[PDB]
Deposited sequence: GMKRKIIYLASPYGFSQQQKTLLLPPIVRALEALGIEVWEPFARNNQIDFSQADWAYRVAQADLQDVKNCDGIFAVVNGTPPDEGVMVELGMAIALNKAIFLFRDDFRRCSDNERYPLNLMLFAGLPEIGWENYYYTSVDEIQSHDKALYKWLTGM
């Protein structure tokens, strides 16, 4: 019943970030009725962690990729490319106001948006935790069939 979101991020790498940033994002996602697979939580060797994370990406319904930073985290980027090729739902989160881009259309490297529509890709692009609950944005719509 619950849609499953793989929450890809670099926030597990920093003690303070793991503790303070991830839980509010998880709460906002769960308040939408989503089942959240957060990889740092679900983990707790290197090869087993990689295949574990690979299996989760294969089996999610959508990825919600935290793409903060200059540049976005390379592991998130790989997990995002996996998700595009496997036709998962794609949602992007960036509340970083810096622009690190190769083009005028997008605020980031244009490949991050190759799995998103030409028009209305911004409906999938979240710029604040406050925005996740929005019924006018693609996450809510995708959960309600629209």
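Enquirer: In sequence order, name the stretches of the deposited sequence that have no C-alpha in these coordinates.
Expert: Unobserved in coordinates, per deposited numbering: 1-2, 47-54.
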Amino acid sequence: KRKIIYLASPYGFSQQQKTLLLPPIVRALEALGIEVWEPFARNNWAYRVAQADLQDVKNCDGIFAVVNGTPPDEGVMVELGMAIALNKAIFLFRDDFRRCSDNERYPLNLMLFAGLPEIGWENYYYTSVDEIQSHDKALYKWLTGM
From here on, numbers count along this sequence of modelled residues.
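Enquirer: What third of its chain's C-alpha B-factors does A83 belong to: lowest, middle or highest?
Expert: Middle third - that is where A83 ends up once the chain's C-alpha B-factors are sorted.
Enquirer: Rank-wise, by C-alpha B-factor, drop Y106 into the lowest, middle or highest third of its chain.
Expert: As the PDB entry reports it, the C-alpha B-factor of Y106 lands in the middle third of its chain.
Enquirer: Among the chain's modelled residues, which third holds the C-alpha B-factor of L112?
Expert: CA B-factor rank for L112: middle third.
Enquirer: Would you mind ranking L143 by its C-alpha B-factor against the rest of the chain and naming the third, lowest, middle or highest?
Expert: It falls in the top third of the chain.
Enquirer: Place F40 in the lowest, middle or highest third of its chain's C-alpha B-factors, as listed in the PDB entry.
Expert: Answer is middle: the recorded C-alpha B-factor places it there.
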